[PDB]
Each structure stands twice: as structure tokens, then as C-alpha cells.
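In the working numbering, the protein residues as written are -18 to 135.
Note that the Cβ used here is the ideal one computed from N, Cα and C, for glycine as well.
Single-structure report; data block below.
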Ligand code: HEM
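This is the structure we're talking about:
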């Protein structure tokens, strides 16, 4: 697929708001993912023992992870579709070491769209959400195709 420049602008306009607070958004998104799909927490050995949302909000490790996830995702979105290089290493570790099914990437995409919608209503109307969804589907589709080349899942 191919987003138009206008769609990319809507995606990078709300992303610029997220970058004002990367660690806070990172927490909100991972906690939303873990509350919505608790099985995903099990993939994080460093903090899968966390039992509540308050323990999650106080975990430094979870917050660092969120910053790591959003910084790598922001670098991919800023490429506007030319992200082959950025995707390689990422697909190799998620397919061979961590073992993250495409279904989990769909879950966190959902969590991202939920948090932006809450925190950025004015910059996240229907057209901006449609563009963000399009950009995340593009990211999942290219990662799924790399997973297949690397020998993992479908
Ligand atoms: C927006 C999508 C995501 C991005 C951009 C992303 C990015 C990253 C990056 C940059 C790292 C560190 C470098 C590396 O290990 O590759 C990482 C590590 C990891 N990711 Fe992802 N990730 C995403 C989704 C997920 C999801 C949905 C899960 C699990 C349910 C996941 C599980 C992990 C785990 C287990 C690690 C290792 C953490 C540690 O060091 O113990 N990732 N991810």
C-alpha cells in the first residue's frame, strides 16, 4: 500500500504531539495493551510479574521499554514508507528472539490508536485516525512479509 503525502502529514502532525512526552505516552500505551490483552505481558521477562496497574505505572523498566518502542516506531513513521532498513533488524529480533506474533502487533496498534484518541482529540479526528491506521497496517504488512522471509509465522 502507499499513503499519500496528505495522509503522512496527518500521521506526523499528531506524532509531533506524542514526541512532546515520549515516556508518558509509552507508559499509557503499554499499560493499555497489558490491561486489554494480558497475555502480551508474558513476553516481557523483565516485568511480567507486575500484577496491577499501579505496579505498572511505577515500573521504571516498563517506562523504559515504552520509550524504546515509541522511539523506534517514530523513526519508522518519519521515513514515510521508505523503512526497509529500519525494519530489518526489528523484524529479525521480534521473529527470532522475542517471538512476537503479528496478532500482538495488531493489539499494540489498537492501544496506540486508543491513547492518541484520548490524549489528542483535536489532532486525532476521523481522517487522522484513518491515516494512522493506514500507516500502522503498512508497518504490520511489511513486517509480516519480513517474518516470512526470516522463517517465522504468518
Ligand atoms: C510498535 C511496535 C513495536 C516496536 C516498534 C518495537 C520495538 C522494539 C525495540 C526497538 C526493541 C529493542 C531492540 C530489539 O530488541 O529489537 C524491542 C524489544 C522487545 N520487544 Fe518490541 N516493539 C514493538 C512491539 C512489541 C510487542 C507488541 C511486544 C510484545 C507483546 C514486543 C516485545 C518485545 C520484547 C520482549 C522485547 C525485549 C525487551 C527486553 O529487552 O527484555 N514488541 N521492541
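Exposed unless 16 or more other CB atoms sit within 10 angstroms - verdict on residue i
{"i": "residue -13", "result": "exposed"}
{"i": "residue 75", "result": "buried"}
{"i": "residue 21", "result": "buried"}
{"i": "residue 112", "result": "buried"}
{"i": "residue 44", "result": "buried"}
Rounded C-alpha distance that separates residue i from residue j
{"i": "residue 134", "j": "residue 71", "result": "15 Å"}
{"i": "residue -1", "j": "residue 37", "result": "20 Å"}
{"i": "residue 50", "j": "residue 7", "result": "7 Å"}
{"i": "residue 127", "j": "residue -15", "result": "23 Å"}
{"i": "residue 109", "j": "residue -5", "result": "8 Å"}
{"i": "residue -3", "j": "residue 102", "result": "14 Å"}
{"i": "residue 34", "j": "residue 85", "result": "20 Å"}
{"i": "residue 94", "j": "residue 30", "result": "26 Å"}
{"i": "residue 39", "j": "residue 14", "result": "16 Å"}
{"i": "residue 41", "j": "residue 131", "result": "32 Å"}
{"i": "residue 121", "j": "residue -7", "result": "18 Å"}
{"i": "residue 5", "j": "residue 80", "result": "26 Å"}
{"i": "residue 73", "j": "residue 98", "result": "31 Å"}
{"i": "residue 55", "j": "residue 83", "result": "19 Å"}
{"i": "residue 17", "j": "residue 63", "result": "31 Å"}
Top-ranked residue by Cα proximity to residue i, from the options
{"i": "residue -18", "options": "119, 132, 127 and 124", "result": "119"}
{"i": "residue 114", "options": "78, 58 and 74", "result": "58"}
{"i": "residue 9", "options": "-5, -11, 47 and 41", "result": "47"}
{"i": "residue 11", "options": "-5, -10 and 88", "result": "88"}
{"i": "residue -11", "options": "14, 60, 44 and 2", "result": "60"}
{"i": "residue 100", "options": "-9, 2 and -7", "result": "2"}
{"i": "residue 117", "options": "91, 30 and 18", "result": "91"}
{"i": "residue -9", "options": "125, 105, 52 and 62", "result": "105"}
Report task. Indicate whether the contact test is met: 3 or more Cβ pairs, each with one atom in the region 65 to 78 and one in the region 18 to 27, closer than 8 Å. Result -> The region 65 to 78 makes no contact with the region 18 to 27, as fewer than three CB pairs between them are under 8 Å.
Report task. At 4 residues or longer, and completely inside the region 69 to 134: list those alpha helix (DSSP H) runs for me, N to C. Result -> For the region 69 to 134, the full-length alpha helix (DSSP H) segments reaching 4 residues or more read 83 to 100 and 107 to 131 along the chain.
Report task. Could I get the ranges of all uninterrupted alpha helix (DSSP H) runs contained in the region 16 to 68, with 4 residues as the minimum, in chain order? Result -> List check, alpha helix (DSSP H) in window: 34 to 39 and 41 to 58.
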